[PDB]
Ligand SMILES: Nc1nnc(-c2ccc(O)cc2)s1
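There is one chain below, alone, in structure tokens, taken in the form deposited without the ligand.
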């Protein structure tokens, strides 16, 4: 995936979030610190927070990331699209895990009720563990794919099954 998409992935709470533009940051609701009253040096009162289940969007009154261009955010992707999940791991290692996307789904994953776009990892037979699959610390990592001449972001990492084969992306 291009260097400018990796530059948008920010360590945040117990996982990650993604800069769509200089003023828009998206993440998974459950990684947000529940006591937090300030983000990137800005008070809550100067932020527009839009939460739909496990999808949260922050819109800032000022340009936090002026090095960035605004890119397209869509509400999931067509069934069958192959996406990359942009996962950062220990010591500047970059893991763009390939996932074939499926239908909008509701699941029970480790007792928790999760809703979003389901997908199947294309990394191995069974992706149990950190070498071929996701870990809980990956929540908030973006789902991206390339169209003709450009890249789209279509959601953020919310959950994975105990086998590791099935993932859920939270969508706007």
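Numbering follows the first chain given and starts at 1.
The discussion below concerns the form solved in complex with the ligand, not included here.
When the ligand is considered in the entry with it bound, residue 147 lies well away from it, no heavy atom lying within 4.5 Å. Proximity of residue 47 to the ligand in the entry with it bound: non-hydrogen atoms within 4.5 Å are absent; the residue sits far from the partner. The ligand in the entry with it bound comes within 4.5 Å of no heavy atom belonging to residue 152.
Residues of 54-74 lying near the ligand in the entry with it bound, listed in sequence order, are 57, 59, 70, 71, 73, the criterion being any heavy atom within 4.5 Å.
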